[PDB]
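Participant: Please read through the structure below; I'll follow up with questions.
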Amino acid sequence: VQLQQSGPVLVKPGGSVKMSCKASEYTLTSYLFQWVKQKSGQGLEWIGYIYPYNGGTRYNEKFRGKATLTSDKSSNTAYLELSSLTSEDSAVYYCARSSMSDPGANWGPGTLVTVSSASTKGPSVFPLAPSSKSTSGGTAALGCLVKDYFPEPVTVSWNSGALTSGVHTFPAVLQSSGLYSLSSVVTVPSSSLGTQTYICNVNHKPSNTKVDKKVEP
Amino acid sequence: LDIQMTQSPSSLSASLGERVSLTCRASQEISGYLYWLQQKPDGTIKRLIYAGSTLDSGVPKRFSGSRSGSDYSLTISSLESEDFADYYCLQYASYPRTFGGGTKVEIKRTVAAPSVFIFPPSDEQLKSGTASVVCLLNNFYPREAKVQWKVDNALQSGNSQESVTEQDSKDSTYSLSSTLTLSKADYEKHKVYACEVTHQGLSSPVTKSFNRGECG
Ligand SMILES: C[C@H](O)c1ccccc1
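Chains as they are written, first to last, in the working numbering: chain A, 908 to 1124; chain B, 9 to 224.
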């Protein structure tokens, strides 16, 4: 039940981008790959399909022939290339797989493409330390400020995924500098502060940055 | 002609436990080739129904789908907090595949006042020239809230930005961050940093503050 898609990519206007979709499990069954576009905070638009079995393809005419779908049936991998890019192509692209009698059974997680002239920049990660000023009665809030990066996205986990409850990772905000920033916070028991460590795990794949920041009271 | 899927309502607010139905009208005959998907705030999309009424095997029984002439419906028998999401229909009778405009399903719940927390800039950040002071409003409802900053009792303007999460999947609340950005020199020259919060859940504004001189 897992389709894998290539990572986020920054590309310049007038260039091109090629992303991939593949089933995670060795399969051998004949699937059809459907591709869908979603601009930030907007709806869904069908892009086209590729049937690796026979190379069949079809495209939404709205794309004006800018999209090309190909595949490597040897690895059961489908690829979507977009040409002559402009900022209207900044969007998350999704693939879904269909079988005989089983339409759109599985969806990939999407690939985030940003079309921009600006250079990638990795984030600085700063602690939001718990203190009396972030402690109720028994509950303390703490977090990490992930500042000054481009393009989106960053990912944030806590304690390598062991801490998920009470976590709020805010949507990124574009600063006047043209760089993004966000904070991820979590509430935990105050009594855990002297003994349980809290580390935010931040990844910014466009700049190949990975940082693990320990947040101390 | 391309098939138009007209989805309504585009936004639906509903109490927990409520039976809610979403409608998608096909502009041409799709013969039951109607698919409904759910998209969660983190971007995850999953299949709910296909062939108009067949429930995907991993979806809870409170979801069902039906057809009445050219009208297709997705109904949730009694709404749960985890159902907060955007729902879309899609026809697969013909190409191009076409989607409904979606329905954002919002959850009505009782008023909850926020817990308010404030965080001074880290010394690590100060070493780099800029200072960010963060005020967190956690787990509140409804969404309307006002946050004001005062630095040594003077109201700030223009130097803060807010970010708000989507409704929480477990308790249907929101959280909000207000970040005040100052140069390190401006931060060091002032002393009292206060975040002032107004929300329907609070009788009077709550102010959380710290004095740079004492840490947090
Ligand atoms: C079954 C239909 O062709 C579909 C499903 C998911 C995404 C795009 C198209």
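All C-beta atoms in this analysis are idealised placements derived from N, C-alpha and C, irrespective of residue type, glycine included.
Give me the residue from A:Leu939, A:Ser947, A:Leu910 with the minimum Cα distance to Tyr933 (chain A).
Facilitator: Here the closest residue by C-alpha is A:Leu910.
Participant: With distances taken Cα to Cα, identify the nearest neighbour of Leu987 (chain A) among A:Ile957, A:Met1007, A:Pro1016.
Facilitator: It is A:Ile957.
Participant: At the 9 angstroms Cβ level, is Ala1048 (chain A) part of the contact set with chain B, yes or no?
Facilitator: With 9 angstroms as the cut-off, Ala1048 (chain A) counts as an interface residue toward chain B.
Participant: Within a Cβ cutoff of 8 angstroms, which residues of the same chain sit near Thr106 (chain B), ignoring the five residues on either side of it in sequence?
Facilitator: Taken in chain order, the residues that qualify are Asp10, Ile11, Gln12, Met13, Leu98, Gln99.
Participant: Rounded to whole angstroms, what is the Cα-Cα separation between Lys1028 (chain A) and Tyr966 (chain A)?
Facilitator: Going by the C-alpha atoms only, they are around 35 angstroms apart.
Participant: In the DSSP assignment, find the unbroken alpha helix (DSSP H) run with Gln133 (chain B) in it and report its ends.
Facilitator: Here the alpha helix (DSSP H) through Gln133 (chain B) covers 131 to 134.
Participant: Distance, Cα to Cα, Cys1051 (chain A) vs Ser1088 (chain A)?
Facilitator: Their backbone Cα atoms lie some 11 angstroms apart in a straight line.
Participant: Per DSSP, what kind of secondary structure is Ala1079 (chain A) in: helix, strand or coil?
Facilitator: DSSP places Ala1079 (chain A) in coil when its eight states are reduced to three.
Participant: Consult DSSP for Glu1123 (chain A) and reduce its assignment to one of helix, strand or coil.
Facilitator: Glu1123 (chain A) falls in the coil class under three-state DSSP.
Participant: Quick one: is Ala121 (chain B) near chain A, going by C-beta distance under 9 angstroms?
Facilitator: It does not: the Cβ of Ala121 (chain B) has no partner Cβ on chain A nearer than 9 angstroms.
Participant: Examine chain B for any beta-carbon lying closer than 9 angstroms to the beta-carbon of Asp1009 (chain A), and answer yes or no.
Facilitator: Yes - at least one Cβ of chain B is within 9 angstroms of the one on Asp1009 (chain A).
Participant: State yes or no: is the beta carbon of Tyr80 (chain B) nearer than 9 angstroms to at least one beta carbon in chain A?
Facilitator: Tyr80 (chain B) does not count as touching chain A.
Participant: Would you say the stretch 1097 to 1109 of chain A touches the stretch 1055 to 1072 of chain A, given that touching needs at least three Cβ pairs under 8 angstroms?
Facilitator: Touching, per the Cβ criterion.
Participant: Can you check whether the CB of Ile126 (chain B) is closer than 9 angstroms to the CB of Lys1120 (chain A)?
Facilitator: Their beta carbons are not under 9 angstroms apart, which means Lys1120 (chain A) does not touch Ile126 (chain B) by this criterion.
Participant: Just to check, is the beta-carbon of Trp157 (chain B) closer than 8 angstroms to a non-hydrogen atom of ligand 1?
Facilitator: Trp157 (chain B): no, Cβ never under 8 angstroms from ligand 1.
Participant: Is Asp176 (chain B) helix, strand or coil when you go by DSSP?
Facilitator: The answer is coil: DSSP assigns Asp176 (chain B) none of H, G, I, E or B.
Participant: Which bits of chain A does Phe218 (chain B) rub up against, with CB to CB less than 7 angstroms?
Facilitator: What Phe218 (chain B) touches in chain A: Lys1040.
Participant: Taking the C-alpha atoms as reference points, what is the distance between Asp979 (chain A) and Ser185 (chain B)?
Facilitator: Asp979 (chain A) and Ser185 (chain B): Cα-Cα distance of roughly 46 angstroms.
Participant: Closer than 7 angstroms, Cβ to any Cβ of chain A: which residues of the stretch 141 to 156 of chain B, in chain order?
Facilitator: Those residues of the stretch 141 to 156 of chain B that come within reach of chain A (Cβ to Cβ, closer than 7 angstroms) are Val142, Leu144, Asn146.
Participant: Please name the residue, chosen from A:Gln945, A:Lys944, A:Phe940, A:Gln1103, that lies closest to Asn961 (chain A) on a Cα-to-Cα basis.
Facilitator: That would be A:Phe940, whose Cα lies nearest to the Cα of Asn961 (chain A).
Participant: If you measure beta-carbon to beta-carbon, which residues of the stretch 1090 to 1117 of chain A are closer than 8 angstroms to chain B?
Facilitator: From the stretch 1090 to 1117 of chain A, only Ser1090, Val1092, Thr1094 have a Cβ closer than 8 angstroms to chain B.
Participant: Given a threshold of 16 other Cβ atoms within 10 Å of its Cβ, counted over all protein chains shown, does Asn1115 (chain A) qualify as buried or as exposed?
Facilitator: Under this definition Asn1115 (chain A) is an exposed residue.
Participant: Can you pull the chain A residues whose beta carbon is under 8 angstroms from the beta carbon of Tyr96 (chain B), in chain order?
Facilitator: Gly950, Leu951, listed in chain order.
Participant: Quick one: is the Cβ of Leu45 (chain B) within less than 8 angstroms of any heavy atom of ligand 1?
Facilitator: At least one heavy atom of ligand 1 is nearer than 8 angstroms to the Cβ of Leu45 (chain B), so yes.
Participant: Do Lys946 (chain A) and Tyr1001 (chain A) have their CB atoms nearer than 9 angstroms?
Facilitator: No.
Participant: Taking a cut of 9 angstroms between CB atoms, which residues from the stretch 954 to 974 of chain A lie near chain B?
Facilitator: The residues in question are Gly955, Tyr956, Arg965, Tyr966, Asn967, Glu968, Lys969.
Participant: Just to confirm my understanding: we take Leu976 (chain A), look at its own chain, exclude 5 residues before and 5 after, and list those with CB closer than 6 angstroms. What are they?
Facilitator: Excluding positions up to five away in sequence, the list reads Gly955, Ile957, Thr964, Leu987.
Participant: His207 (chain B) bridges to which residues according to DSSP?
Facilitator: BP columns for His207 (chain B) point to B:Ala153.
Participant: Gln175 (chain B) touches chain A at which residues, Cβ-Cβ below 7 angstroms?
Facilitator: In chain order: nothing, as chain A lies at least about 11 angstroms away.
Participant: If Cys203 (chain B) sits next to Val159 (chain B), beta carbons under 8 angstroms apart, how far is it from one beta carbon to the other, in whole angstroms?
Facilitator: Going by Cβ atoms, the distance from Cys203 (chain B) to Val159 (chain B) rounds to 11 angstroms, so no, they are not a contact pair.
Participant: Would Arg1004 (chain A) be called buried (16 or more neighbouring beta carbons within 10 Å of its own) or exposed?
Facilitator: Buried, because 16 or more other Cβ atoms sit within 10 Å of the Cβ of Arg1004 (chain A).
Participant: Cα-Cα, which of B:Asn147, B:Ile38, B:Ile53, B:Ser217 is closest to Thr173 (chain B)?
Facilitator: Nearest of B:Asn147, B:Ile38, B:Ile53, B:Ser217 to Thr173 (chain B), Cα basis: B:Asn147.
Participant: Give a yes or no on whether 9 angstroms exceeds the smallest Cβ distance from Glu170 (chain B) to chain A.
Facilitator: Judged by the 9 angstroms Cβ criterion, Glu170 (chain B) is in contact with chain A.
Participant: According to DSSP, is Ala101 (chain B) part of a helix, a strand, or is it coil?
Facilitator: Residue state, collapsed to three classes: coil.
Participant: By alpha-carbon positions, which one of B:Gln208, B:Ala139, B:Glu152, B:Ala34 ends up nearest to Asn167 (chain B)?
Facilitator: Nearest of B:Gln208, B:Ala139, B:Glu152, B:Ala34 to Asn167 (chain B), Cα basis: B:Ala139.
Participant: Could you tell me whether the stretch 104 to 120 of chain B touches the stretch 18 to 29 of chain B, using the rule of 3 or more Cβ pairs below 8 angstroms?
Facilitator: Short answer: they touch.
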